[PDB]
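*Asks:* Take a look at the following structure, please.
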Amino acid sequence: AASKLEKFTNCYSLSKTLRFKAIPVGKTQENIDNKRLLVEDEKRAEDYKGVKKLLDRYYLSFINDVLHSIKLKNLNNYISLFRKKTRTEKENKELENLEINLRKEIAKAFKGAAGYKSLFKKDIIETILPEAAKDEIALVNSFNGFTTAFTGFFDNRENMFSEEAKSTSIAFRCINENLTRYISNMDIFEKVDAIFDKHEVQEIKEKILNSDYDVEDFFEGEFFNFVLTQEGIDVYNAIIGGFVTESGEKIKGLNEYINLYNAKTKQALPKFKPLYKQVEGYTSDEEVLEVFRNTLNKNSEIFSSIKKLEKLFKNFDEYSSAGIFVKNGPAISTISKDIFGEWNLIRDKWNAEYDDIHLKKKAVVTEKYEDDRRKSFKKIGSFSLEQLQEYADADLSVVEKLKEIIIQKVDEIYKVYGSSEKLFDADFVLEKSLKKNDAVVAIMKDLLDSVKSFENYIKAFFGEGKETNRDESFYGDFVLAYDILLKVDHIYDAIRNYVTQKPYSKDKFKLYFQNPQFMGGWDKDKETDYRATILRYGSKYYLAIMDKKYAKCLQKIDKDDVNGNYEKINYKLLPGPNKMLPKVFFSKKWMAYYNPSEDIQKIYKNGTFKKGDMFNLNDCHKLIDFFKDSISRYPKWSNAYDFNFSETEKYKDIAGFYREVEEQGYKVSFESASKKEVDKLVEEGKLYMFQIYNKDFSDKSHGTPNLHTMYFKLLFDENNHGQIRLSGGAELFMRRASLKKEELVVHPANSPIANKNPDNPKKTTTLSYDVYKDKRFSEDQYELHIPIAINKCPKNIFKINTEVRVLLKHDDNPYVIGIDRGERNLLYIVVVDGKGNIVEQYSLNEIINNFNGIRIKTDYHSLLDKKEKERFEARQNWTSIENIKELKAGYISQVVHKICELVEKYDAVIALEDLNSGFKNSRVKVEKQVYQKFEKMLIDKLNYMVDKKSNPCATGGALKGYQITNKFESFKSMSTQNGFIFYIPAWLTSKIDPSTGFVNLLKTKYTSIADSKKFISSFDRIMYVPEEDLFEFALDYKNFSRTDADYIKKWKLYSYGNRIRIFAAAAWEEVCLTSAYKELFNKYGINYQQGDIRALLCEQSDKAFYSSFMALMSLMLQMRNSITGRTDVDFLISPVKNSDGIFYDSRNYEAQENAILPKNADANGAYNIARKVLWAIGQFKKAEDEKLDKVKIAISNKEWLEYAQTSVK
RNA sequence: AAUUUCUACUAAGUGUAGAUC
Ligand SMILES: [Mg+2]
Ligand SMILES: [Mg+2]
């Protein structure tokens, strides 16, 4: 009988690496320099990039051994089934499986033969690179035994040969890029054949381009395989584009000839598309500038492609609107906005057309119907200009409005060129430095942006076809030009990364000290081989590295008593008992030293001790006892570890025994070694010594330590059985300094420094010593990464999701933490009990820190506000944008802690937005990409949640962290449920009356006067109430469309309260309700004491009554009201009364402590996100224990409104 | 404006609060 969290400790193992600074002690650094130990590791760091290029060389020769040798069998059917003019009906589906097998055939041809094995293993730079193609053999030699360097590279490069359908894959480049273009050129070649003079075709082209083959050949389908390799690609593209001839001659390609057939001026005869060949900036101001000048000046090719695209689109009318497509996705919203004037128009017209087909007059639109229709829209690949014009009202030519938009964008590039013109002068020199030159950086960004946006907008004109009749006459010119234009993407990114860079560098290189096996392990004596160990003196820890000539130097050292002793590390990790107990104890040396029995041998060889229905408990137990006894009689192990074994009988399986061996097969304590003696070893350079350090080891550190500091100390604390452990794979790095100390910004001693937190009541600080910006980057820095194992031997095994459900099922009053992102609040929190009562509500705009019993807050929302003003003053430059992103990422590391306390405090489950059902809205300040990061870190922390201020052995302290979450997988996997975390859709959580569950499901925009009458008439009643001085609209959501989700159906709307209206004016004004009705009715001669006035109201003859009656109605249903300037109120008022008679205003809760209902609209959202989890909990309470794992949690809008409206009481 | 590293700091004077492969 305890808390639900109590059950979640020692569940699964987790591994982490702690980093530290390593401070060289004494003469160590001098010795390191004299003996020149470092430079070995530093040049390798230099030539790493060089060797990588040589690896790419052999890779490219390889790719071209497999590609010369390949004949695609799948191909010949594929081409046919491709240009079959589809005819669809999923007959094409047959083909889309033929496609995948084209990539399948390529991948397997790589893997299948001519080696491929020896490619990403140690033997590629050992021997293979040396035998392939002196100044290059030398660099590779030379990395022998240091093959570690290329592992990240090795992973990045094996993705080349997959069937992955990624732009990484060679196969994808072959079939889904080159082959569609190769096919599309056949059909161009067939159509455009006779244009070619015999003297033009094979004459100049066959001889000068080849003298082998003929031009006809490369437009035959069986010839494609020839064009997989780069030569055949160059040959092909030279046929199209042209060729230099090796003399000045310059042979025209096919495209020039088609061009020269402008003589018929009908023209618009399609040109061929070239084939994709396959397989920046950033180091200096002079480089960055050289690229900008070179790629973006007015006779660059990017600027050439812009002029061609200007010419192309100027003739947009000349082309067939039926054969021009716009890719489906964001480009559809945008172009809808630019063409018609609204986002959802295209989507809306398309929904109007889908309905008519799928909407049976039995009707009632349901959630699934809307989900399925949505799945259909998304699935649609693209829209022709013709189809878009099909939605085009009269008066509005879609092509022409598009022309004026595109042309406009090119004119904006040309004006921006004019403003940047001096930058492209041969004469131009950079006076200041780039990161000191805001003006230049802004000139560059302006131009880059205007071209990037042009590029990014024009990209929409494909539709990934895979499409029927395309206007190849348009897509010839377009594709020629756009492939060039696209180069701006790379340039943009590189230049931006360079400006955005920190003024310092974190570049570093791994240290082996001329030792391939340096520091592989710790725990055991292999210390003569690994040559690194760990020393302790008082509170300080040290890393000690023995010189090769003196490995044993640490061996022989007295226990002293001259009053000076480092403590010295030893003892032992027994690694993987399950592999290692049988490898030792069945080794013939042991099978001599011991007998053993043949009953034991037979059990092992057959494996009657494992699982898998050959299991025999007694056979298993015999093995155990054999091992147990073998353990008594094996010195190496029984003088190392203190084995305390469970009775053999209470072992159910063999893993039970193995865990105990693993658990006890690790010791760790300390030896004793003369301080004076090793200190001298350092002096003589027999030993190199570094202090392992972070600021928490400073003699002036008095605060609560870093979490990782605790982990590290706890490694060697008596109270740690239980358990954090030290692991091998430690690495030492060198980080060369990147700032010069004399050049740092400094706050000089004895002068007040302004304090920056406006909520810090102390205004200045005066210290008696100097404070330096970024000081740590002005010194060469050694850094030490040490791997640790947490909960290596878990006792509690179970499924975390199932256990959470079971405990919630049997919890009589489970609390839920709701988190929501808000408009006036970065994050807002609502804690709720098992019945929906709010227990705690507040904004997380302010993070309050504790040190002593002193509290100081930081308002991160004001920070973001000052930085957004900064971004405005700086004209949205890159660096402010990065500053805002990082601020937010900082903020979320603060929030993670606030959530952990709340979980611990209320034993509560967490309710979070599912971001894969993504909506989002411009007003919320934490965007999706930051929130996703937040949700990942929340998960990461809940793998091992720890409160730093708890005593470490206590549950929830550093040796007993809560594990209430499984390991992160991906963002797509952040849905449904991860342990204590539940992912909820935000649908209908903010705009809903938390006291009745009323949500506005009507559509109140004026459309027509008939529609308005129908609307008014669909109401049950409209009656002015004299007693309560109110108008009462009584409705039945049945008589209105798309209201299926509502549960109560019958709702009496009233007037009381007022509302804030946009009133887009000469954009804010406010409006009292029940007095706006009185006004309007008087205005039109309608006496309203006469109710039911529905019939009456419909007697009105002009739009003006109706247009303003509807606008009035919309406001009554507008529950959320906000001024935007004033932080005071973003309130919620509801047009419907509860069972006790008065209705809900937010301002009546707006100032209290933790009210019973939400205080503003931000709260309501976090409150309702939490209630959906209560709903989910409610489903658990309905299921049997063994069914819990199966219960669905994806609440539907209909379940939600039923719950919101019935549970309130 | 100090950091294993990050963000926000100065937090009582070479650092503070979270977080951190
Ligand atoms: Mg600290
Ligand atoms: Mg900083």
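Convention: chains lettered A, B, ... in structure tokens order; per-chain residue numbering from 1; ligands numbered from 1 as shown.
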Return the neighbours of chain A among the residues of chain B, cut-off 7 Å, counting only C-alpha atoms (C1' of nucleotides), as a PDB file with N, CA and C atoms (P, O5', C5', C4', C3', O3' and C1' of nucleotides), in the first residue's frame.

*Replies:*
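Below is the file selection11.pdb, written as the result:
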```
ATOM      1  P     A B   1      28.614  39.734 -21.368  1.00  0.00           P
ATOM      2  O5'   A B   1      29.430  39.527 -20.009  1.00  0.00           O
ATOM      3  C5'   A B   1      30.681  38.846 -19.977  1.00  0.00           C
ATOM      4  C4'   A B   1      30.683  37.752 -18.935  1.00  0.00           C
ATOM      5  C3'   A B   1      29.615  36.684 -19.140  1.00  0.00           C
ATOM      6  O3'   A B   1      30.060  35.502 -18.500  1.00  0.00           O
ATOM      7  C1'   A B   1      29.206  37.817 -17.124  1.00  0.00           C
ATOM      8  P     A B   2      29.827  34.059 -19.145  1.00  0.00           P
ATOM      9  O5'   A B   2      30.841  33.169 -18.303  1.00  0.00           O
ATOM     10  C5'   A B   2      32.231  33.341 -18.530  1.00  0.00           C
ATOM     11  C4'   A B   2      33.081  32.772 -17.430  1.00  0.00           C
ATOM     12  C3'   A B   2      32.736  31.349 -16.978  1.00  0.00           C
ATOM     13  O3'   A B   2      33.938  30.615 -16.710  1.00  0.00           O
ATOM     14  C1'   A B   2      32.734  32.805 -15.129  1.00  0.00           C
ATOM     15  P     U B   3      34.396  29.454 -17.712  1.00  0.00           P
ATOM     16  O5'   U B   3      33.361  28.275 -17.423  1.00  0.00           O
ATOM     17  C5'   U B   3      33.186  27.753 -16.108  1.00  0.00           C
ATOM     18  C4'   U B   3      32.279  26.541 -16.090  1.00  0.00           C
ATOM     19  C3'   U B   3      32.383  25.640 -17.311  1.00  0.00           C
ATOM     20  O3'   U B   3      31.969  24.328 -16.966  1.00  0.00           O
ATOM     21  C1'   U B   3      30.188  26.460 -17.159  1.00  0.00           C
ATOM     22  P     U B   4      32.791  23.358 -16.009  1.00  0.00           P
ATOM     23  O5'   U B   4      32.926  22.033 -16.859  1.00  0.00           O
ATOM     24  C5'   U B   4      34.066  21.782 -17.661  1.00  0.00           C
ATOM     25  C4'   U B   4      33.744  20.817 -18.766  1.00  0.00           C
ATOM     26  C3'   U B   4      32.780  21.358 -19.809  1.00  0.00           C
ATOM     27  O3'   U B   4      33.486  21.989 -20.847  1.00  0.00           O
ATOM     28  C1'   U B   4      32.030  19.242 -19.068  1.00  0.00           C
ATOM     29  P     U B   7      24.113  28.823 -25.165  1.00  0.00           P
ATOM     30  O5'   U B   7      22.793  29.084 -24.323  1.00  0.00           O
ATOM     31  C5'   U B   7      21.511  28.813 -24.867  1.00  0.00           C
ATOM     32  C4'   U B   7      20.469  28.939 -23.790  1.00  0.00           C
ATOM     33  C3'   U B   7      20.569  30.195 -22.950  1.00  0.00           C
ATOM     34  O3'   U B   7      19.959  31.299 -23.573  1.00  0.00           O
ATOM     35  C1'   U B   7      20.292  28.345 -21.533  1.00  0.00           C
ATOM     36  P     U B  10      21.408  38.980 -13.173  1.00  0.00           P
ATOM     37  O5'   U B  10      22.446  38.312 -12.188  1.00  0.00           O
ATOM     38  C5'   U B  10      22.024  37.643 -11.009  1.00  0.00           C
ATOM     39  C4'   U B  10      23.192  37.480 -10.073  1.00  0.00           C
ATOM     40  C3'   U B  10      23.958  38.772  -9.756  1.00  0.00           C
ATOM     41  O3'   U B  10      24.537  38.672  -8.458  1.00  0.00           O
ATOM     42  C1'   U B  10      25.405  37.228 -10.794  1.00  0.00           C
ATOM     43  P     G B  13      30.183  36.477  -0.164  1.00  0.00           P
ATOM     44  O5'   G B  13      31.392  35.941  -1.066  1.00  0.00           O
ATOM     45  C5'   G B  13      31.294  34.719  -1.811  1.00  0.00           C
ATOM     46  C4'   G B  13      31.841  34.879  -3.220  1.00  0.00           C
ATOM     47  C3'   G B  13      33.237  35.479  -3.316  1.00  0.00           C
ATOM     48  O3'   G B  13      33.924  34.870  -4.409  1.00  0.00           O
ATOM     49  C1'   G B  13      31.664  36.910  -4.418  1.00  0.00           C
ATOM     50  P     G B  15      34.520  29.049  -9.182  1.00  0.00           P
ATOM     51  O5'   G B  15      33.476  28.628  -8.064  1.00  0.00           O
ATOM     52  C5'   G B  15      32.106  28.429  -8.390  1.00  0.00           C
ATOM     53  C4'   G B  15      31.226  29.494  -7.781  1.00  0.00           C
ATOM     54  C3'   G B  15      29.723  29.287  -7.970  1.00  0.00           C
ATOM     55  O3'   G B  15      29.143  28.429  -6.995  1.00  0.00           O
ATOM     56  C1'   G B  15      30.305  31.466  -8.676  1.00  0.00           C
ATOM     57  P     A B  17      22.653  26.283  -6.718  1.00  0.00           P
ATOM     58  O5'   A B  17      21.501  26.473  -7.793  1.00  0.00           O
ATOM     59  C5'   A B  17      20.288  27.122  -7.469  1.00  0.00           C
ATOM     60  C4'   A B  17      19.318  27.011  -8.612  1.00  0.00           C
ATOM     61  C3'   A B  17      19.345  25.678  -9.339  1.00  0.00           C
ATOM     62  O3'   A B  17      18.613  24.726  -8.623  1.00  0.00           O
ATOM     63  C1'   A B  17      19.343  27.413 -10.932  1.00  0.00           C
ATOM     64  P     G B  18      18.875  23.153  -8.768  1.00  0.00           P
ATOM     65  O5'   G B  18      17.863  22.742  -9.879  1.00  0.00           O
ATOM     66  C5'   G B  18      18.348  22.558 -11.150  1.00  0.00           C
ATOM     67  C4'   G B  18      17.272  22.648 -12.179  1.00  0.00           C
ATOM     68  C3'   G B  18      17.547  21.597 -13.227  1.00  0.00           C
ATOM     69  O3'   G B  18      16.883  20.382 -12.964  1.00  0.00           O
ATOM     70  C1'   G B  18      17.748  23.702 -14.200  1.00  0.00           C
ATOM     71  P     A B  19      17.707  19.017 -13.030  1.00  0.00           P
ATOM     72  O5'   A B  19      17.941  18.793 -14.584  1.00  0.00           O
ATOM     73  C5'   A B  19      16.851  18.938 -15.482  1.00  0.00           C
ATOM     74  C4'   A B  19      17.317  19.318 -16.864  1.00  0.00           C
ATOM     75  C3'   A B  19      18.310  18.363 -17.498  1.00  0.00           C
ATOM     76  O3'   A B  19      17.675  17.234 -18.073  1.00  0.00           O
ATOM     77  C1'   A B  19      19.091  20.567 -17.738  1.00  0.00           C
ATOM     78  P     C B  21      21.949  12.901 -21.124  1.00  0.00           P
ATOM     79  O5'   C B  21      23.460  12.417 -21.009  1.00  0.00           O
ATOM     80  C5'   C B  21      24.361  12.513 -22.095  1.00  0.00           C
ATOM     81  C4'   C B  21      24.016  11.527 -23.175  1.00  0.00           C
ATOM     82  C3'   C B  21      25.142  10.578 -23.571  1.00  0.00           C
ATOM     83  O3'   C B  21      24.595   9.318 -23.971  1.00  0.00           O
ATOM     84  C1'   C B  21      24.565  11.966 -25.420  1.00  0.00           C
TER      85        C B  21
END
```

*Asks:* Please extract the residues of region 939-1154 of chain A with a backbone DSSP assignment of alpha helix (DSSP H) and present them as a PyMOL selection string.

*Replies:* chain A and resi 939-943+1009-1018+1074-1083+1094-1097+1103-1117

*Asks:* Between CA of residue 1105 (chain A) and CA of residue 1087 (chain A), measure the distance and give it in Å to one decimal.

*Replies:*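 Separation between CA of residue 1105 (chain A) and CA of residue 1087 (chain A): 14.1 Å.
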
*Asks:* Excluding residue 975 (chain A) and any residue of its chain fewer than 3 positions from it, enumerate the residues within 12 Å of it, using only C-alpha atoms (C1' of nucleotides), and give them as a ChimeraX atom specification.

*Replies:* /A:911-918,932,935-936,968-972,978-979,981-985,1193-1194

*Asks:* Now that the selection is made, can you save its residues with N, CA and C atoms as a compact mmCIF listing (two decimals), in the first residue's frame?

*Replies:*
```txt
# COMPACT_ATOMS: atom_id res chain seq x y z
N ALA A 911 -0.66 14.67 -19.10
CA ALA A 911 -1.47 14.78 -20.34
C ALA A 911 -0.90 15.84 -21.29
N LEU A 912 -0.53 15.42 -22.50
CA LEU A 912 0.18 16.25 -23.47
C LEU A 912 -0.48 16.22 -24.84
N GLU A 913 -0.31 17.28 -25.62
CA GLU A 913 -0.84 17.28 -26.98
C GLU A 913 -0.13 16.26 -27.87
N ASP A 914 -0.93 15.51 -28.59
CA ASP A 914 -0.44 14.72 -29.73
C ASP A 914 -0.17 15.68 -30.90
N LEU A 915 1.08 15.74 -31.33
CA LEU A 915 1.51 16.74 -32.31
C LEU A 915 1.53 16.14 -33.71
N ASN A 916 1.22 14.85 -33.80
CA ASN A 916 1.09 14.17 -35.09
C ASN A 916 -0.30 14.32 -35.67
N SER A 917 -1.23 14.78 -34.84
CA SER A 917 -2.58 15.13 -35.28
C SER A 917 -2.55 16.62 -35.49
N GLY A 918 -1.34 17.10 -35.78
CA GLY A 918 -0.98 18.50 -35.72
C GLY A 918 -1.95 19.52 -36.26
N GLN A 932 8.16 19.64 -29.76
CA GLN A 932 8.50 18.24 -30.02
C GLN A 932 9.77 17.91 -29.29
N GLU A 935 8.83 17.47 -25.62
CA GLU A 935 8.25 16.15 -25.38
C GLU A 935 9.27 15.04 -25.42
N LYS A 936 10.26 15.14 -26.30
CA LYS A 936 11.34 14.16 -26.29
C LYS A 936 12.12 14.24 -24.96
N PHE A 968 12.72 6.85 -25.81
CA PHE A 968 12.34 7.53 -27.03
C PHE A 968 12.62 6.70 -28.29
N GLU A 969 11.73 6.81 -29.28
CA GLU A 969 11.88 6.13 -30.57
C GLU A 969 11.91 7.13 -31.73
N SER A 970 10.86 7.93 -31.83
CA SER A 970 10.77 8.96 -32.86
C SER A 970 9.62 9.88 -32.47
N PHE A 971 9.46 10.98 -33.20
CA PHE A 971 8.35 11.89 -32.97
C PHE A 971 7.02 11.25 -33.35
N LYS A 972 7.03 10.45 -34.40
CA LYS A 972 5.82 9.76 -34.84
C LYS A 972 5.37 8.81 -33.73
N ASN A 978 3.00 6.69 -23.50
CA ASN A 978 4.30 6.20 -23.08
C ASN A 978 4.42 6.26 -21.54
N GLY A 979 4.11 5.15 -20.89
CA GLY A 979 4.12 5.09 -19.43
C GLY A 979 3.21 6.12 -18.76
N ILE A 981 3.04 9.17 -19.49
CA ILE A 981 2.67 10.20 -20.47
C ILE A 981 1.54 9.78 -21.44
N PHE A 982 0.47 10.58 -21.53
CA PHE A 982 -0.62 10.28 -22.48
C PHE A 982 -0.72 11.41 -23.48
N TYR A 983 -0.86 11.06 -24.76
CA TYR A 983 -0.89 12.04 -25.85
C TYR A 983 -2.30 12.26 -26.33
N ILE A 984 -2.75 13.49 -26.21
CA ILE A 984 -4.15 13.82 -26.38
C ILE A 984 -4.29 14.76 -27.58
N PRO A 985 -5.35 14.60 -28.39
CA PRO A 985 -5.60 15.67 -29.37
C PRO A 985 -6.22 16.92 -28.73
N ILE A 1193 -7.70 4.52 -26.54
CA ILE A 1193 -7.46 5.71 -25.77
C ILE A 1193 -7.66 6.94 -26.67
N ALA A 1194 -7.62 6.74 -27.98
CA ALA A 1194 -7.89 7.78 -28.97
C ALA A 1194 -9.32 8.29 -28.87
```

*Asks:* How many Å lie between atom 1 (Mg, counted along the ligand's line) of ligand 1 and CA of residue 720 (chain A), rounded to one decimal?

*Replies:* 21.7 Å

*Asks:* Which value, in Å to one decimal, gives the distance between CA of residue 284 (chain A) and CA of residue 737 (chain A)?

*Replies:*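 Separating CA of residue 284 (chain A) from CA of residue 737 (chain A) is a distance of 17.6 Å.
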
*Asks:* Considering only C-alpha atoms (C1' of nucleotides), return as a list in words whatever protein or nucleic-acid residues lie within 8 Å of residue 488 (chain A), sequence-local ones (same chain, fewer than 3 positions apart) excluded.

*Replies:*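 Near residue 488 (chain A), the qualifying residues are residues 302, 448, 451, 452, 485, 491 and 492 of chain A.
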
*Asks:* Per DSSP on the backbone, what are the strand (DSSP E or B) residues of region 556-591 of chain A, as a PyMOL selection string?

*Replies:* chain A and resi 565-569+573

*Asks:* Would you please work out which residue, of A:1038, A:835, A:466, A:1014, is nearest to residue 1204 (chain A) when using only C-alpha atoms?

*Replies:*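 Looking at the shortest contact to residue 1204 (chain A), the residue is A:835.
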
*Asks:* Tell me, as a list in words, which residues lie within 12 Å of residue 373 (chain A), counting only C-alpha atoms (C1' of nucleotides); anything in the same chain fewer than 6 positions away does not count.

*Replies:*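 So, after excluding close chain neighbours, the residues are residues 347, 348, 350, 351, 352, 353, 354, 355, 356, 357, 358, 359, 365, 366, 367, 379 and 380 of chain A.
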
*Asks:* Please provide as an mmCIF file with N, CA, C and O atoms, in the first residue's frame all residues within 10 Å of residue 960 (chain A), with the sequence filter that same-chain residues fewer than 2 positions apart are discarded (counting only C-alpha atoms (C1' of nucleotides)).

*Replies:*
```cif
data_model
loop_
_atom_site.group_PDB
_atom_site.id
_atom_site.type_symbol
_atom_site.label_atom_id
_atom_site.label_comp_id
_atom_site.auth_asym_id
_atom_site.auth_seq_id
_atom_site.Cartn_x
_atom_site.Cartn_y
_atom_site.Cartn_z
ATOM 1 N N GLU A 6 6.143 4.542 -6.619
ATOM 2 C CA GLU A 6 6.933 3.528 -5.877
ATOM 3 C C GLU A 6 7.213 2.242 -6.670
ATOM 4 O O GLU A 6 8.251 1.604 -6.504
ATOM 5 N N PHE A 8 7.879 1.948 -9.679
ATOM 6 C CA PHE A 8 8.657 2.156 -10.896
ATOM 7 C C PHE A 8 10.140 2.485 -10.661
ATOM 8 O O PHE A 8 10.610 3.590 -10.981
ATOM 9 N N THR A 9 10.872 1.524 -10.105
ATOM 10 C CA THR A 9 12.305 1.649 -9.899
ATOM 11 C C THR A 9 13.009 0.395 -10.345
ATOM 12 O O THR A 9 12.420 -0.666 -10.348
ATOM 13 N N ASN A 10 14.289 0.520 -10.684
ATOM 14 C CA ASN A 10 15.110 -0.615 -11.065
ATOM 15 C C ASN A 10 14.407 -1.464 -12.131
ATOM 16 O O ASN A 10 14.320 -2.682 -12.002
ATOM 17 N N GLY A 722 23.792 0.349 -5.729
ATOM 18 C CA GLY A 722 22.406 0.239 -6.212
ATOM 19 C C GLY A 722 21.450 1.027 -7.089
ATOM 20 O O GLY A 722 20.305 1.179 -6.683
ATOM 21 N N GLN A 723 21.843 1.371 -8.317
ATOM 22 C CA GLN A 723 23.206 1.113 -8.776
ATOM 23 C C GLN A 723 23.574 1.887 -10.018
ATOM 24 O O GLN A 723 22.857 1.855 -11.004
ATOM 25 N N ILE A 724 24.718 2.570 -9.936
ATOM 26 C CA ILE A 724 25.364 3.233 -11.059
ATOM 27 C C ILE A 724 26.775 2.650 -11.130
ATOM 28 O O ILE A 724 27.431 2.468 -10.089
ATOM 29 N N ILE A 790 23.455 2.664 -15.777
ATOM 30 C CA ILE A 790 22.453 2.776 -14.727
ATOM 31 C C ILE A 790 21.440 1.613 -14.749
ATOM 32 O O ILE A 790 20.865 1.292 -15.799
ATOM 33 N N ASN A 791 21.206 1.021 -13.579
ATOM 34 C CA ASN A 791 20.240 -0.045 -13.405
ATOM 35 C C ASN A 791 20.534 -1.216 -14.348
ATOM 36 O O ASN A 791 19.622 -1.807 -14.939
ATOM 37 N N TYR A 944 14.790 8.017 -16.260
ATOM 38 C CA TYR A 944 15.405 7.944 -14.948
ATOM 39 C C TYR A 944 15.226 9.275 -14.206
ATOM 40 O O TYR A 944 16.148 10.069 -14.103
ATOM 41 N N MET A 945 14.026 9.511 -13.694
ATOM 42 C CA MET A 945 13.697 10.783 -13.063
ATOM 43 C C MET A 945 14.317 10.824 -11.714
ATOM 44 O O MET A 945 14.126 9.905 -10.948
ATOM 45 N N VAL A 946 15.002 11.917 -11.395
ATOM 46 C CA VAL A 946 15.686 12.056 -10.143
ATOM 47 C C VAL A 946 15.450 13.467 -9.596
ATOM 48 O O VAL A 946 15.407 14.424 -10.353
ATOM 49 N N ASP A 947 15.212 13.579 -8.299
ATOM 50 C CA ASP A 947 15.207 14.875 -7.645
ATOM 51 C C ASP A 947 16.559 15.016 -6.947
ATOM 52 O O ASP A 947 16.875 14.259 -6.033
ATOM 53 N N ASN A 951 17.764 12.583 -0.689
ATOM 54 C CA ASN A 951 18.888 11.739 -0.335
ATOM 55 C C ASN A 951 18.957 10.592 -1.324
ATOM 56 O O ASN A 951 17.961 9.910 -1.567
ATOM 57 N N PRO A 952 20.129 10.411 -1.940
ATOM 58 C CA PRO A 952 20.306 9.556 -3.116
ATOM 59 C C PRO A 952 19.729 8.130 -3.005
ATOM 60 O O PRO A 952 19.241 7.603 -4.022
ATOM 61 N N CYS A 953 19.745 7.534 -1.815
ATOM 62 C CA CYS A 953 19.286 6.155 -1.668
ATOM 63 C C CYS A 953 17.780 6.114 -1.541
ATOM 64 O O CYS A 953 17.195 5.061 -1.662
ATOM 65 N N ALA A 954 17.159 7.260 -1.265
ATOM 66 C CA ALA A 954 15.699 7.339 -1.170
ATOM 67 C C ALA A 954 15.059 7.097 -2.531
ATOM 68 O O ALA A 954 15.664 7.398 -3.551
ATOM 69 N N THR A 955 13.851 6.536 -2.568
ATOM 70 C CA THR A 955 13.197 6.331 -3.864
ATOM 71 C C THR A 955 12.938 7.693 -4.542
ATOM 72 O O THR A 955 12.284 8.568 -3.973
ATOM 73 N N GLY A 956 13.487 7.874 -5.740
ATOM 74 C CA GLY A 956 13.348 9.123 -6.464
ATOM 75 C C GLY A 956 14.608 9.962 -6.337
ATOM 76 O O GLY A 956 14.770 11.000 -7.017
ATOM 77 N N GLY A 957 15.504 9.510 -5.450
ATOM 78 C CA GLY A 957 16.836 10.078 -5.318
ATOM 79 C C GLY A 957 17.730 9.492 -6.391
ATOM 80 O O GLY A 957 17.249 8.693 -7.195
ATOM 81 N N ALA A 958 19.012 9.862 -6.402
ATOM 82 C CA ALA A 958 19.886 9.544 -7.533
ATOM 83 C C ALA A 958 20.227 8.043 -7.710
ATOM 84 O O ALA A 958 20.735 7.645 -8.754
ATOM 85 N N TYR A 962 12.935 7.196 -10.697
ATOM 86 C CA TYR A 962 11.708 6.672 -11.257
ATOM 87 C C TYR A 962 11.888 6.407 -12.718
ATOM 88 O O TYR A 962 12.476 7.195 -13.445
ATOM 89 N N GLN A 963 11.387 5.271 -13.160
ATOM 90 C CA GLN A 963 11.416 4.967 -14.583
ATOM 91 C C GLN A 963 9.977 4.809 -15.086
ATOM 92 O O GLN A 963 9.438 3.710 -15.145
#
```
